[PDB]
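>>> my complex, first installment, coordinates as in the assembly:
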Amino acid sequence: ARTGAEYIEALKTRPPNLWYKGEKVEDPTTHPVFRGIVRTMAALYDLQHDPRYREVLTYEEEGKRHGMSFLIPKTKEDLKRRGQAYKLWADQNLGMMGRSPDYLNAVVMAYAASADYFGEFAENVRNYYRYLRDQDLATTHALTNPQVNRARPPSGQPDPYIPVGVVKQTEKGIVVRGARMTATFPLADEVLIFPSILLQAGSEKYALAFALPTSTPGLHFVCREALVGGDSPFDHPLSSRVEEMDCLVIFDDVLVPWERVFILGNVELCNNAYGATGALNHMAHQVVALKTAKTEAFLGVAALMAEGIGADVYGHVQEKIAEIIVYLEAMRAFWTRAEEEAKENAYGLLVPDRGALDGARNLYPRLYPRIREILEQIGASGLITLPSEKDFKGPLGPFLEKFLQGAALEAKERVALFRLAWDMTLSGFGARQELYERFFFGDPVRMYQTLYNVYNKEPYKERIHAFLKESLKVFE
Amino acid sequence: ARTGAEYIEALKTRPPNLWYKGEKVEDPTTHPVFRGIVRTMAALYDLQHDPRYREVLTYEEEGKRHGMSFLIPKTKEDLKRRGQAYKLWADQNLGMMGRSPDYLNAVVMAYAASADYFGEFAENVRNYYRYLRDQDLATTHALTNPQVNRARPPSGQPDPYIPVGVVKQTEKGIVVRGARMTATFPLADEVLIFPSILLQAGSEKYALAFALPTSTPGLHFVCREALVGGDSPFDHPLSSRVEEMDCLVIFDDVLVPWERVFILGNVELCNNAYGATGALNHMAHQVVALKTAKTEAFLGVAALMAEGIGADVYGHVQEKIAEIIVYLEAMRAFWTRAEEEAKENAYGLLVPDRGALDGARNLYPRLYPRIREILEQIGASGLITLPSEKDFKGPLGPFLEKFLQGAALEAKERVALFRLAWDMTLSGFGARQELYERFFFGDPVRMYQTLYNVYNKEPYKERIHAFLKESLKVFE
């Protein structure tokens, strides 16, 4: 298990090929746009060494201690252990960090346990898993093709190499060129270029699955407008430390070593990779724990805002808070059933229930916008009446302490709270979180169509046919 | 455990004091408006004797066999057994019977296990429980006051005795007069006049809890407009057999024997009766199983309708069906967590988790109208193109077999299906189901306000305060 210092030193020494506003980022650990999230990930690693959480976040195996997200679960108890680690890490950042590495470790763990799925590339998968685990490396990923002409398939874009495709194969590996649309949290040592979870690969030229060091020559991470509001924790409680960053990933004829190839030119293998291996089940397990943590944070903030300005005495405000409670319980319920109904898949890997997780990941994208709306409706103008810590420290400080106090709440505490509520919903950072929840796991339109097609609807249809037998009997 | 014949004979011999359109109902077992539901309840009782389900629906105890809903659960396994019985009974009627007796048996069971709660009336409660259990009697209940002037409390209505109040107490018992607004499924041997689950009793004169035989002199059940569409199972697949009926309950100076009194003049005891005893937990347990069954029925019908007319090829139709699947999984999740997180209450009674059940009973009233809407959006005009079995048997039968066939579906089967979908949503019977789901457990406005007030929000608020410490540190 890595310490924060080791993670920071690793990035400083071999930084990912990041670009920000036309220039290469030489040191993300000190760059104003990235130092915040780097410190945050480092803190997650350090927590693994805190005696209070060591048993929760890591496990011992043959003299070594590994991060819990690498544990191949053999029992429901192990599944619960993975869940508790997901939750503890998520709580550190109020569920605002959506791409912490344990999400992808769940994917790699499942791929490794179900390695036979990959055929001749099975050993590469097992070895890669052990590599990430032993060195406790941080990962980022990109599974989608550039949004250019969505009316056409990957092979029907303006250029055959807009999506990442194989240019040629050599004795050393494969050369790829193209791009992936989005990779969140590029402050990692490795990047996973895996298949889409719900979309079809289309052509063999694009049916790929491989991993590379983020410093690989020819690999570029083009960052979008930064959403770090500032460094003050009072003024920007969240964006100052949890801005993971999103970027376009470019492959300028990048060489991928054969040992890092997991799938090559096999459309079928790409299309069922997550479902067959159980990666889908485990990555969704991390998500349900994460969204439970996020919902708990919103509940706390909503309750405090309402109490803070005396709005909690109004029935409709109480109802809005109760609504968040209902959603919180719904997520806890999915989480519980996912673990309690777990069964082994075709490769003997115990996986959390897909029914419960499909329910959670398809329901939360609908609940989140409403949870966000509730905070807006409760806070109202208090959400934009945001003086700075500098205003409190300035000449008008005394006036602010009078006009911005709340009901039995000091002004500084009140503004600190509303600054947080604002950063969770209305700052550029907060607003992005909404778009993230709506789409990170896929386009809801196609996720729902996928659920329809894969779900076994026969038992329910059969019960109706049986019930209708009495109806048709009138003609006998 | 009762057989259907015993239930039917009991009603015929000592029928409840029912009134329909100005006249007393002499024999509900043969009356056109009630014979359907009577036969349905009888069938539920008979199922208890089917060898295939005997072990699911009943339990043996000291030479006797009792209905599962009377079982005082000692372990989570027992809780699961109660749940499986709720589900099996619910499935028989596609979850359309909302007031089957096992719901109230759950209440009485909990009251009995937590009998110490009732003080001097504890033995009356225990004895009543044993009575209902041993004779396997059917119950109905009414907990709300007449909807007259909702702007005023029970003691502020046009008359002190609009709500049920104590007139006087004698050596034989108490005399009560007033009325209860609604009692569903009056085809029972007993009626439970218990306190409101979420509303305050208000005055001692109304703080009551007692049970009476439905034939008690002075007790009247005034039925509303019947929703039985007819007797043909083809034309009215559900209303012909599952119309439970709703009625106003009148108490014309009714004498309640002391042995049938459970709470008298104690506002506090009335206000916490369901929560303290665990009745709330267990009755909600029956509800979650019931709504899971209901959602399964809608899923089957929606899937069959879409497939039947070839609408399943359209993405948005697939999405609507997937939406029902998400809701189904949500209910299954609440159900699972309710049992898995069960703990004993203050009286040593194991009760399913309130968090999960409060989530289920406060979420489903919001989901149901949408599930109903989905069926309407899928069926469209097919939902009102409802010829009768008589039309198929008539001269135009051949034409109907051509114009009303579906995609690889015969016309009679198609119409049988749409007649069912219509009866589940648009017939008077179907439409009532929507109002029922919206309100049976209470007014959502006050249920949400209640949830807000009773839920422990402190842990979430505390986490936010801890997170904000860094914000306030800028002033140090």
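Alright, I've got the coordinates. Residues are numbered from 1 along each chain as shown, chains lettered A, B, ... in the order given.

>>> you'd agree residue A:315 is up against residue B:449?
Yes. Counting by Cβ atoms under 8 Å, residue B:449 is a contact partner of residue A:315 at 5.5 Å. For every residue, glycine as well, the C-beta is placed using N, CA and C.

>>> The two: which has the busier surroundings?
Ranked by neighbour count (other Cβ atoms under 10 Å in any protein chain shown), residue A:315 and residue B:449 place residue B:449 first, with 20 against 12.

>>> Burial check on residue A:80, number of neighbours?
With other Cβ under 10 Å as criterion, residue A:80 counts 15.

>>> let me fix that: residue A:17
The local packing of residue A:17 (other Cβ under 10 Å) involves 20 other residues.

>>> Phi and psi next, for it.
phi -80, psi 70 (degrees, to the nearest 10).

>>> any idea which helix or strand comes after the helix or strand encompassing residue A:452?
Using DSSP states H and E, residue A:452 sits within helix A:444-454. Of the helices and strands lying after helix A:444-454 in sequence (DSSP H and E), the nearest is helix A:458-472.

>>> thinking again about what came up before, next, the buried residues of the helix holding residue A:452.
Residues of helix A:444-454 classed as buried: A:444, A:447-452 (neighbour count, 16 or more other Cβ atoms under 10 Å in any protein chain shown).

>>> again, but for stretch A:315-332
Neighbour-count burial for stretch A:315-332 flags A:317-332 (criterion: 16+ other Cβ under 10 Å).

>>> let's bring in chain C now:
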Amino acid sequence: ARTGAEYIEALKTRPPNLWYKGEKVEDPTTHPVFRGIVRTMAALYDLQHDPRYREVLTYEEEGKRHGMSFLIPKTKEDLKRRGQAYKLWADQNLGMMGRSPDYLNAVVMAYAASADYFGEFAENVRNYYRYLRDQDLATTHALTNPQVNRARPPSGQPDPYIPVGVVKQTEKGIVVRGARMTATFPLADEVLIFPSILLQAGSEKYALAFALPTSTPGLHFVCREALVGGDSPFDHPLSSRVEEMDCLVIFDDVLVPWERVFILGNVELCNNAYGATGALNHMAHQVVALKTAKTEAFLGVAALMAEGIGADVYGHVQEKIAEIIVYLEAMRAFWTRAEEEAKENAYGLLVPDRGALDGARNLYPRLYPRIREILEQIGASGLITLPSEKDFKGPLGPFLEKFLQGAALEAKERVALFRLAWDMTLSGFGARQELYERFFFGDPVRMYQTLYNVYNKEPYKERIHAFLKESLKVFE
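With chain C added, the chains above now look like this:
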């Protein structure tokens, strides 16, 4: 202009070929299922002769007086006159009659004014218009094909003649066979078999537009389950008089005289018939007035229910009523703009603004379910506590007058009101109204796709391009 007596005599003498539950309906004017709506339509005709409304409902022209819905408007004032007639008729039945004849007269009127559109069949159209106008006949229509396999076009169903198609052409006319899915209000002298408003005709064999007497040999109207709750106006205030009935229309090799043919084998003419002639504009004009009347009825009922039980003192109840007010004003606004922005089309016919009417007919289907929901949320259990007038007239009458009185409202008046609210929303009749509002003008999915394609979006796109010029200038 016809009188009610003339309409009733016409139906009695030459009744439409109606079938109900396997038998031919010999006299709809006395049949229990149809006498109610027949009396209602008759009353609409009689209103044309009431001196108070004669000038509103009819116009004089060359010694004759015709129904206002036949008036070819030359000015905005004439358009307003047509609107006021639509409204007055709609108000008589609280906007519950969705297929009153003035809706179709608007269609025929527009077809006649724009008759050149129909080419060689132009005179047939003009003559038909004059026929309907002079004799003030009642019409019904059916524009959709049987719902069999929606995954296939009209020419791809299990049989080439499931949809209405031309079998052959002779010296006397054309012979057609097939069926139309739905025709509401079959108590008419004529039936209009016109093209779909938003769907493509597909094949020439189905590209038809003609009209026939409802008694034409080979023509059959198969009625669905009747929704008449009874004859008591107290018990069934609406279903006893406004149940229009829906039916499947069968064509058993029906001969259509050449003079009654308006479009034959011309897919293009069918696909643009309503838009080019202005029929769409005028029929939607009747609809907006009708929905304004319907919304006014719901507002009145909601206000009275809330006041009646004292629920109007609660903020959320006030908000729900205000919501209906907002929707009412929205419809009034569309109506006003539709008339004020009216312009002449290609044939010189003044037509109300399509933008405003497309807004109204695409928005109301979304608002109605909510308006219905609001009534349910306000009334709660009062909506199913429906004793009969017979109960009030019976032995328990005195008790009911006490327990069902409202806040300063007598019990009989209270129940009369809730019986009405129930009939508007939860009776089989009421529930059907919801499905009707959702679909009568077409499937929302395709109506919205149609609006997208026909609307001129260029001006808005152009404004954005202009705004972005400054953005692209940074590269100069």
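
>>> Take the neighbour count of residue A:80 again, chain C included.
15.

>>> Name the nearest residue to it, ignoring sequence neighbours.
Spatial nearest neighbour of residue A:80, chain neighbours left out: residue A:339 (5.8 Å); criterion: Cβ to Cβ, 6 or more residues apart in numbering or on different chains.

>>> Test my guess that that neighbour contacts residue A:81.
No. Assessed by Cβ under 8 Å, residue A:339 is found out of contact with residue A:81, at 10.3 Å.

>>> quick one: which of those two has more around it?
residue A:339 (23 against 18).

>>> So that one versus residue A:101, what's the distance?
21 Å (Cβ to Cβ, to the nearest Å).

>>> Can you tell me the SS state at the residue of the stretch 151-300 of chain A found nearest chain B?
At 3.3 Å from chain B, residue A:300 is the closest residue in the stretch 151-300 of chain A, using Cβ to the nearest Cβ. Recorded secondary structure, residue A:300: helix (DSSP: H, G, I helix; E, B strand; the rest coil).

>>> got the residues of the stretch 301-450 of chain A near chain C?
With Cβ under 8 Å from any Cβ of the partner chain as the criterion, the stretch 301-450 of chain A comes near chain C at residues A:315-316.

>>> Let me see the contact set for the closest residue to residue A:306 other than its chain neighbours.
In this structure, residue A:306 finds its nearest non-sequential neighbour in residue A:312, 4.0 Å apart by Cβ to Cβ, 6+ apart. Going by Cβ atoms under 8 Å, 6 or more residues apart in numbering or on different chains, residue A:312 touches A:303, A:306, A:318, A:321.

>>> Extend the structure above with chain D:
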Amino acid sequence: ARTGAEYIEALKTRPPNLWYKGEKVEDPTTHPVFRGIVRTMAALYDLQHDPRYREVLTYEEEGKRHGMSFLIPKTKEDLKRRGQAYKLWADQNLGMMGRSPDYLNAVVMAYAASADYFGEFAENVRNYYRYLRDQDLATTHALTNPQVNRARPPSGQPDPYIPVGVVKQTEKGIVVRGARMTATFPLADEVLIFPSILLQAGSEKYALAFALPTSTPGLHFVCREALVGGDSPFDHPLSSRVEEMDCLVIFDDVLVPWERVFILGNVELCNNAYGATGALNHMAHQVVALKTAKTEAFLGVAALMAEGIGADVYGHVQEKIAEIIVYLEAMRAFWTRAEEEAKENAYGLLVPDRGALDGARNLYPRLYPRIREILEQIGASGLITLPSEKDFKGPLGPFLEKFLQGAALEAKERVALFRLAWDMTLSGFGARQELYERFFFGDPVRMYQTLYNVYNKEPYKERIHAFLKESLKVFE
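Below is chain D, added to the chains above:
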């Protein structure tokens, strides 16, 4: 009529008492946080002198030319002229500037026309109007009290002077102390401290209405966190120029000259000021035109995004765009009816219809969040894949031109468009717009309660009573 140069010189010479992060803003015309919006307002003033729009934006009167928003309308044509000016100004900034001065000029104009309402202060009002008009000054306003303890009235806060209250009265005027919660667009010469539009004044000490120069000693404007993303029009198309800023307004014992007092200590006059004078009608008129402009901008962007990435070929995407079209038409309809149904009030001032405007201002806050959602659902990941103009100008420029091109759309144009869509919805600037639309005119909860109470519901209730006469007749 003012020119932009005159406005800029005025602010530079006598700048409002603005504070940003603890320091006084000496020159808002050059300050990085304010220079953008200052230039934008200046451009609005300059447009008044463009020959193409002079007749639209100004009117001549006795040798002088004034801004159209000052015109006291005598006819519906004048009302239309005011509307066209509101629209032209709104279009310049895609409806993103919510507090342009013409909104408040509408208020002052109405106050002046209905000056008799103010009694002894009537001349002060007339004179103030002429002052603002003649010098074409810019105004800002603040009507709400500090959000401290909403469970208590203005007189029940932690201090009697948290809300703005009169300390004393002298020969020169009144001295006030306290604060107003929010004032948007403080880059004005004058600030209007008027009564709340929907809330009660409460106590005479707070029942005030006056105006002051923004540089008045003791008056302070404390600005919130700035939302200007940068100066690049490519990177921040909107926040670089339309960030109006919100601020808390502090009154440190400010002296208000008697000539600037319009209402003093009269609760009744404060509570009906906007309705009686017609200010409510006219300010809402500006709003409906503004929201129509805003909706047109969103329609253009949504259409371009969908077309740009080829998503317009999908039915659901077309439906979402059509949804915006429906909302656009709804707003146009309210606007049209507001002008067409205009009538003179008690003071002879012609005012647009309140019914239509109450509909528009109570409906749009519900429509806007959905319009915003639609853009998010259409753009998906394209909304966060935002490289900078600097990235296009850098080494990877060529790669970006390939991977970020759209369907028949160049990469720079595509990113310029998505940068705009992002700034309209997800940037801190964009997200604030949502909160603004939800609350600027008041809390929806109380706006709806207000609408319920003031609307005349009697006609609808009367129609229902008349309809029910037939129901009650059964007892005769």
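
>>> The neighbour count of residue A:17 again please, chain D included this time.
Using other Cβ under 10 Å, the number of residues around residue A:17 comes to 20.

>>> quick one: it from chain D, how far?
As judged by Cβ to the nearest Cβ, to the nearest Å, residue A:17 and chain D stand 11 Å apart.

>>> go on, residue A:156?
The separation that residue A:156 has from chain D, given Cβ to the nearest Cβ, amounts to 10 Å.

>>> How about that residue, nearest residue that isn't a chain neighbour?
The shortest distance from residue A:156 to any non-neighbouring residue, by Cβ to Cβ, 6+ apart, is to residue A:149 (7.1 Å).

>>> Please identify which residue in the stretch 1-150 of chain A comes closest to chain B.
residue A:94 (6.4 Å).

>>> Which residues are in contact with that residue?
With Cβ under 8 Å, 6+ apart, residue A:94 has these contacts: A:238, A:293-294, A:297, A:424, B:463, B:467.

>>> Three-state assignment for the residue nearest to residue A:156, please.
Going by three-state DSSP: residue A:149 is coil.

>>> And for residue A:437, the neighbour number?
Neighbour count of residue A:437, defined by other Cβ under 10 Å: 20.

>>> Next up, identify which helix or strand it is on.
Per DSSP H and E: helix A:428-439 holds residue A:437.

>>> so that helix versus helix A:444-454, what angle?
Counting by axes from the mean of the first three to the mean of the last three Cα atoms, to 10 degrees, helix A:428-439 points 30 degrees away from the direction of helix A:444-454.
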